[PDB]
Structure formats: structure tokens, C-alpha cells
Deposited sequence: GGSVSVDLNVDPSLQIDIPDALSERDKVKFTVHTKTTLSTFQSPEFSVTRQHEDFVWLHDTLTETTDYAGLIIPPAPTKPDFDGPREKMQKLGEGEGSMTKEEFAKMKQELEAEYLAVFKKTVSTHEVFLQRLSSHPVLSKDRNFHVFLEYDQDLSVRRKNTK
């Protein structure tokens, strides 16, 4: 796996959407650049998962499960309604949700990067590399 290394170093929750920075380091000449980053929303991860599941050539392969939709409704309701004690627990709550959802999204990508077949998939490469919003693409 050392030729393709993916991590999510930061993320942003705004209104009802969560954007993740997806950072790639690779030694593969099947990517344009050895290190790059893109912004991806949760929906884009769901699209990538579905696309793989629907690729008939991959039937039988172990496709890692999609990350679940992050849930910031509770924290966001506290934030709006809302002292230093109460504000500290709010940040802790946000932080706990972020650590979990960043982990699930990152693990999905890391599992794809390790798979000898799925790591080569064109849609996976687009997901990592394409330096525009994928939502409009699809």
C-alpha cells in the first residue's frame, strides 16, 4: 500500500453539508501529480461507493462500506440555542462528531487505496484528483 496514501486533514460543517479535504500522496504515474488535495462532500463518497458497486466487472470483490452521513443536528441545535461550561461541552460535542466521521470517511478511502483492483478504478482516481466540485459533474 505505500504507493498510494490518502488522508483527511481537515473538514468543515456548514448549514447541512460537510466538506472534507482529501489529501493524496502517491508515487504512481497513473496520477498527474505526486501530492494533491481536493474538497469532497459526503455525497461524493456515496457516489464513489455506488459507482463501484454498480461496476459489473467488480462483482464478487470486497467493496468497503460507504461512510455513514455525518450528523451535526444536535450540536448545531445547541450552537443556535446558546455559559463557558456549556460552550465547552458544545465544542467537545462537535469535536467528537468530527473525529468519528473524519475517521469513517478516511478509512473508506484507505481501504480502496489498498485494494489491488479497486485502487486502479478510474472513478476512484477522479474522486481523488479532479480539482472541481463533483456534484455539478454528476
*What are the unmodelled segments when the structure is compared with the full deposited sequence, in sequence order?*
1 to 10, 93 to 103, 160 to 163
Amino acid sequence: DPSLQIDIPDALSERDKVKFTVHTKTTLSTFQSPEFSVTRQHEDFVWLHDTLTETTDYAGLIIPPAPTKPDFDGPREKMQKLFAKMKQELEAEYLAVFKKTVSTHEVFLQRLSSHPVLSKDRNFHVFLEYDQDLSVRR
From here on, numbers count along this sequence of modelled residues.
*Entry-level comparison of average CA B-factors, 3 to 11 and 128 to 136, reporting the higher stretch*: 128 to 136
*Looking only at CA atoms, which has the higher mean B factor in the entry: 119 to 127 or 14 to 22?*
14 to 22
*Return the residue from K69, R111, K85, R40 that has the highest Cα B-factor in the entry.*
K85
*asked:* Take the CA temperature factors straight from the PDB entry and tell me which of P64, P75, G60, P34 peaks.
replied: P75
_Can you tell me whether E91 has a C-alpha B-factor in the lowest, middle or highest third compared with the other modelled residues of the same chain?_
highest
*Give the position of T55 by CA B-factor within its chain, expressed as the lowest, middle or highest third.*
middle
*Mind checking which third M79 falls in for C-alpha B-factor across the chain?*
highest
